[PDB]
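Examination of the molecular architecture
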Amino acid sequence: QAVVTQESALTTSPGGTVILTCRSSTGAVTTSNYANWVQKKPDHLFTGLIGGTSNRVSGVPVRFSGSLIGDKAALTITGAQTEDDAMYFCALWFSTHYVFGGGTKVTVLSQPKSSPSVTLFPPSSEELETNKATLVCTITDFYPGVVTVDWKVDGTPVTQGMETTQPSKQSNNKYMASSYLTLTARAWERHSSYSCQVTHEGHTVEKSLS
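Scoring rules and cut-offs
Residues numbered from 1 in each chain as written, not as in the entry; some residues may be left out. Heavy atoms only, no water. Residues with missing side-chain atoms left out of burial classes, pairs and counts. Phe/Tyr/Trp six-rings, centres within 6.5 Å; stacked < 30°, edge-to-face > 60°. Pairing = 2+ DSSP bridges. Helix = DSSP H or I, 4+ residues; strand = E, 2+ residues; numbered from the N terminus. Salt bridge = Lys/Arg side-chain N within 4 Å of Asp/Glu carboxyl O. Buried < 20%, exposed > 50% of the residue type's maximum accessible area, 1.4 Å probe, protein only. Polar contact = N/O pair within 3.5 Å; in protein donor to acceptor, adjacent residues only side chain to side chain. Contact = heavy atoms within 4.5 Å. Domains from an automatic or database assignment.

Method-wise, the PDB entry is recorded as coming from X-ray crystallography, at a reported resolution of 2.63 Å.

1. Description of the packing of aromatic side chains
Scanning all chains against the criterion turns up five aromatic pairs. Each ring, one from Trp188 and one from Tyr194, has its centre 5.3 Å from the other, and the planes form 25 degrees; the classification is stacked. Feature note: the residues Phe142, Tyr143 and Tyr175 constitute an aromatic cluster, connected by ring pairs.

2. Here's the deal with the pairing of strand β13 (residues 132-142)
Bridging between strand β12 (residues 117-121) and β13 involves five bridges; their strand directions are antiparallel. By the bridge assignment, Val118 is partnered in β13 with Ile139. Where β13 meets strand β17 (residues 175-184), ten bridges bridge the pair, whose relative direction is antiparallel. Across the sheet, residue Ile139 finds its bridge partner in β17, namely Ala177.

3. Details of the pattern of salt bridges
Taken as a whole and assessed by the stated rule, the structure comprises five salt bridges. Measuring nitrogen to oxygen at the nearest pair gives 2.9 Å for the salt bridge that ties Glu83 to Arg63. With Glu83 in the loop between β8 (72-77) and β9 (86-93) and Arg63 in the loop between β6 (55-56) and β7 (64-69), this residue pair connects regions lying 20 residues apart in the sequence. A salt bridge links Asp85 to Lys105; its shortest N-O distance comes to 2.4 Å. Of this pair, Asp85 sits in the loop between β8 and β9 while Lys105 sits in strand β11 (residues 104-108); the two residues are 20 residues apart in sequence, bridging distant segments of the chain. Here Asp85 falls in the buried class, since its relative accessible area comes to 14%.

4. Some thoughts on the side chain of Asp85
Separated by 2.9 Å, the side chain of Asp85 and the backbone nitrogen of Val108 make a polar contact. In this structure, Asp85 is in contact with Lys41, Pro42, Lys105, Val106, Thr107, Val108 and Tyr175, ignoring residues within four places of it in sequence.

5. Focus on the domain arrangement of the protein
One can read the domain layout of the protein as domain 1 (4-108) and domain 2 (117-209). Between domain 1 and domain 2, the C-alpha centre-to-centre distance is 35 Å.

Printed below as a string of structure tokens:
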């Protein structure tokens, strides 16, 4: 029953024009879909930006504008600022209900890119008595806030036992995240190759113990 799709992410420098868009599976988006654009900053409230396709909510800056590009809705940010780094969701009316999009993560660059600082902490002494094993891979101080974590054992990736958190913001305005590996206690002694990779902006840093 009707899905609404928008771009996953967009990246611009402070002052670039960005055009987010909102797509409907049922067909052309019209004024009768009453497009709504809402914005979520971290540690902030939700803020409505646009109602009724183009009617702008009172109090939001002049850079935000809503329109219909072809058969799909659009939100243009002309001259983006460092505070516009946020998630932008769109909602369409389908006669009896509103459907939200997946949201677009609009990233504005605020500092020079910093490569992630990574640590690999071993299964503690008491862990192995519980017949279990936990390996902690700590990542901090990277920008922008997107990494991929892959664990590897003896040339083989470990799709089992991973649990990676999402990037969170600390005080220095960078980002931070963690990745946990949970096997049995006989596993920490059994194998010997335990590798943690962190891929950030195309570059792979690694930490490994034996």
